[PDB]
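**Student:** Input: one structure, supplied below.
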RNA sequence: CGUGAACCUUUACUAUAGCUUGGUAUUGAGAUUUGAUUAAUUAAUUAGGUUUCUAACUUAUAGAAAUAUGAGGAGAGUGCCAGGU
RNA sequence: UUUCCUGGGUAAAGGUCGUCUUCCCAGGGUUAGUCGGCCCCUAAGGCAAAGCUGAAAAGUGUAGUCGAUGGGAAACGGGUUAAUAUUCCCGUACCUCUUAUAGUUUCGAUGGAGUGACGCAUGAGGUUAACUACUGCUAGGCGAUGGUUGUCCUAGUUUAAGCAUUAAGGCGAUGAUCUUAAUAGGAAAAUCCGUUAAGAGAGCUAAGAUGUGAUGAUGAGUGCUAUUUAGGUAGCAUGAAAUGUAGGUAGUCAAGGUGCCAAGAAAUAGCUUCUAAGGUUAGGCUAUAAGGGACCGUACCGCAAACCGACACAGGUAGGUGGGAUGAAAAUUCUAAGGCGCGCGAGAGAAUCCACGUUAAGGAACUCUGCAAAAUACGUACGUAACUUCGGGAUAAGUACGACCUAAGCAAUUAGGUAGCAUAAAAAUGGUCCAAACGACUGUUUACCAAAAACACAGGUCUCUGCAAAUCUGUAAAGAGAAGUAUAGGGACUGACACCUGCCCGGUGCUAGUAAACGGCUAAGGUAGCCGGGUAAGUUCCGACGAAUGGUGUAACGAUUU
RNA sequence: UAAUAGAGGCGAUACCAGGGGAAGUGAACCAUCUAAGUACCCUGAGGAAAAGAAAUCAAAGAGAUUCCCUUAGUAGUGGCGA
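Chains as they are written, first to last, in the deposited numbering: chain f, 1 to 50; chain D, 1 to 277.
Given below as structure tokens:
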């Protein structure tokens, strides 16, 4: 059964990448929150996939 | 013009008719320097929502740059090169080749033929295809492609088989009977094209099957009584109701006779007698 | 069952989008008689009715803009107040 | 994302064991001018100075700039390593340019124009990889057991890009290259305006074929040393054994040709060409010689224990290769190359569960129900009703034949002989008819209990809207509608087609009227139409409410109901 | 276009100022009200901010602004219900 996570890469980087996060207000809030919490991974761009 | 019918070799062909394209200089590809490829619309707007429903994916078509505004080419005769099929509108398009070398498209009137010479301006003769300001066109003629504001182009009647009737002239204005049937005043300096628009069998066609309706880019229409009350004021069809309510649009606006034109519009001065039901 | 929750409907109640009417600001100058009121038909104001000219204002073309030309018009549009839906 | 290769090891983990593993540890492994990106271009789309619109945050949106699954310069064969190759090597091509030399002349822009540039259906025709039909030709065998040194058997007989030669076919003489006069083009032009007076002009495109590439490489085999399960296998040498005919698939010619309407991307790239400001070896073109290749990906899995399903999971998983025999075919079955023998097994077979095979007599008597099974099935012929919109119904129904050998015959098939219980001998490959209900029919939906009578639908009717339209989303701007224009757009209703669709304006909607409005039938009381048979035995079935939330019929159709 | 000068963002899941501003509740319902300028959003800077030297308080004779103790659960307000 084709299911929930057909894994593209251009979709991954475009929709959830660091530049897509910085591109708007809420994404920058996301980045600040994750920095404050001290996450080891900020965005999907830490998975080097292009 | 003409209608071509089909023998019923399938249950869908029994009532399919199409036009016959004999009055068309066939075998034609559009002029490469006047047509550009384009998307198909499907009725979504800049925000991305659907603003007009029930419009979908038809046949891919190019856009032909028409010219409803022949004003900047007054006094310059041109030649009719060909009569071509246009997918973006009902009527056919004529390709005029001007004496200075520029080529343009116009709406093809009824009864012109290849090789004719067409002229635009106050001095042009009264001949089918010529464009003249309403000043110069005599009372009692039939025109089309009427301009509404000087320099705007033909914004009035344009569809296949239509024409407008000049009734009277007075002051700055000319009374014109439009195809809907109302009598409207037009400023006398706007231009118009003489004669009816050809291709008058366009609407005598019986489409024949749901597939062709899909080709024409028309998605299916879902009635209101087939809905649920969350979806449409008419919903609730537990055994085929009729709405249980005076008929309304999907947004609550009444639909059987309700008049939606604004009650104090700016153009009310220029409408003599509205159309008839 | 709980003075539970949510949804839906209606000629249940109460608000309100939107629509619509009036007044006013935007909003000027003319002509005319419909009047009311105040005194002596006359005179001073004022609501209107029928019309006019464009400079406010807004439609078309050219232009980045400015600006120009061709048409509408103190209307319309937009605020505020009030009356309906 | 190291799972790849080599070596070592078995805490765990592998549904068991384990010397093994995609497990663990160490080491090693991915070489590019020709591949895929990067790059120069644009589709949808995103951002977007200015302008405009909004408490803010922003929303719209022009000039522009980004955005491939698209369009654009260049390479093929063979070999080598424990693992990597159109990347290294051997042999052999091609495209870009930096400088210089020598035949030299109009170069120069984000600007203008052309090319770039396109659909579907569908024959037929020209050659062809692979493959078999036959023969030569090489290599081996010449067969524990009847015959088999010859119409014997087995295997092979291979080889590209590029260059050179030519040219099936298509488009062409209705004009395809060009040579000048005029220039309403917006930068102005010796190009494009392809618009017009001439009158000189048939070529363009193109698979394929041959040679070269190539006495090269490859090569079934044969030859030495080691190994050995006595079977072949590790290095290592050597070897055209036809670049034969016939048939011809899949491309390809072909973005072709012929027809149809639903009339079938853009490019500021590339190619070609044009002129301004500026230049007159400053450049450019035609050649030669020399060297300049960016940056990144490059292993392996990739129909699976390496991707996505919590798993080493009966799932999903793009595209190009698709052998041979049978056959019309990629069906069915068998089989070559190649890849595997499902990661708990072994004894006994009790009942029973589940999935199947066979059957005396009867043949739906079982059961809510011919549910499920059984059976029918192909090819070639004969023969096909009622009804009907004349298209269909229809493969209606029903009937005959099919092996082998010989002969006839282009072949289907015919005739004779012969064999069997069976002779479309395996498998695959429709059960049909009659009557009724509803729906016209293809189709679509309840992902995960409803595939239907529901929706969709062609058609018809009513109503709204004159274009800075109505309408829809927004406080707005703005956009959609629409680069559209009443033969149009939006909404409601009905639902192919045929006959009909009547009465009522009180009430409620809409602008006294309007019912193809909500609705009713005193405002007006509804117009048309809508026991018999079957069975021995039949609560089933068949025959004797209500008119555009539609009434009554109807050919054809249906994984529908009876 | 040129010239310098001051800003962009982060940090404090703290504080302050300005703008926007709910809903769960209580009133044993709810619509007034309450919760509440609460949460949160957005725009600003500072080390504090804001405010700050009376056209004021208020019937006492005081004298800028802000923060405490009292006045005081008082004066009033509230479908005079909470």
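Just so it is clear, CB atoms sit at the ideal spot from N, CA and C, and this is done for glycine as well.
Who are the near neighbours of residue 50 of chain f in its chain, counting only those whose CB is closer than 7 Å to its CB and skipping five residues on each side?
**Tutor:** 9, 13
**Student:** Based on DSSP bridge pairs, tell me the residues matched to residue 232 of chain D.
**Tutor:** DSSP output for residue 232 of chain D lists no bridge partner at all.
**Student:** Considering only residues of the same chain and omitting the five flanking positions on each side of residue 15 of chain D, which have a CB-CB separation below 7 Å?
**Tutor:** 206, 208
**Student:** Tell whether a beta-carbon distance below 7 Å holds between residue 133 of chain D and residue 191 of chain D.
**Tutor:** Going by C-beta atoms, residue 133 of chain D is nearer than 7 Å to residue 191 of chain D.
**Student:** Does DSSP classify residue 208 of chain D as helix, strand or coil?
**Tutor:** Three-state result, residue 208 of chain D: coil.
**Student:** Does the pairing of the segment 10-27 of chain D with the segment 48-59 of chain D give three or more beta-carbon distances under 8 Å?
**Tutor:** no
**Student:** Taking a contact to mean a Cβ-Cβ separation below 7 Å, would you say residue 85 of chain D touches residue 95 of chain D in this structure?
**Tutor:** no
**Student:** Do three or more CB pairs link the segment 177-190 of chain D to the segment 133-147 of chain D at distances below 8 Å?
**Tutor:** The segment 177-190 of chain D, when compared against the segment 133-147 of chain D, does touch it at the 8 Å Cβ threshold.
**Student:** So, residue 267 of chain D versus residue 159 of chain D, is the Cβ gap smaller than 7 Å?
**Tutor:** no
**Student:** Can you look up residue 183 of chain D in the DSSP assignment and give me helix, strand or coil?
**Tutor:** strand
**Student:** DSSP on residue 222 of chain D, reduced to helix/strand/coil?
**Tutor:** Residue 222 of chain D falls in the coil class under three-state DSSP.
**Student:** Considering only their Cβ atoms, is the gap separating residue 112 of chain D from residue 129 of chain D smaller than 7 Å?
**Tutor:** In this structure, residue 112 of chain D lies closer than 7 Å to residue 129 of chain D by Cβ.
**Student:** Three or more C-beta pairs under 8 Å: does that hold for the segment 237-250 of chain D against the segment 207-225 of chain D?
**Tutor:** yes
**Student:** Sort D:114, D:62, D:22, D:115 by Cα distance to residue 38 of chain D and report the nearest one.
**Tutor:** D:62
**Student:** Roughly how far, in whole angstroms, is the beta-carbon of residue 107 of chain D from the beta-carbon of residue 126 of chain D, given that I think they are within contact range, below 8 Å?
**Tutor:** In this structure, residue 107 of chain D and residue 126 of chain D do not form a Cβ contact; the two beta carbons are roughly 18 Å apart against a cut-off of 8 Å.
**Student:** Indicate the three-state DSSP secondary structure (helix, strand or coil) for residue 80 of chain D in the structure shown.
**Tutor:** strand
**Student:** Between the Cα of residue 211 of chain D and those of D:44, D:42, D:245, D:58, spot the shortest distance and give me the residue it belongs to.
**Tutor:** D:58
**Student:** Who are the near neighbours of residue 44 of chain D in its chain, counting only those whose CB is closer than 6 Å to its CB and skipping five residues on each side?
**Tutor:** 50
**Student:** Could you tell me whether the Cβ atoms of residue 70 of chain D and residue 120 of chain D are closer together than 7 Å?
**Tutor:** yes
**Student:** Classify residue 91 of chain D as helix, strand or coil using the three-state DSSP reduction.
**Tutor:** coil
**Student:** For a quick check, are the C-beta atoms of residue 173 of chain D and residue 185 of chain D less than 7 Å apart?
**Tutor:** yes
**Student:** What is the DSSP secondary structure of residue 131 of chain D, reduced to helix, strand or coil?
**Tutor:** strand
**Student:** In angstroms, rounded to a whole number, what distance separates the CA positions of residue 21 of chain f and residue 31 of chain f?
**Tutor:** 8 Å
**Student:** What is the residue span of the alpha helix (DSSP H) that residue 10 of chain f lies within?
**Tutor:** 10-16
**Student:** Alpha carbon to alpha carbon, how far is residue 97 of chain D from residue 27 of chain f?
**Tutor:** 57 Å
**Student:** Can you tell me which residues form a DSSP beta bridge with residue 35 of chain D?
**Tutor:** D:64
**Student:** Quick one: Cα of residue 15 of chain f to Cα of residue 38 of chain f, how far?
**Tutor:** 23 Å
**Student:** Find out if the Cβ-Cβ distance for the pair residue 167 of chain D, residue 177 of chain D is shorter than 7 Å.
**Tutor:** yes
**Student:** Does the distance from the C-beta atom of residue 265 of chain D to that of residue 181 of chain D stay below 7 Å?
**Tutor:** no
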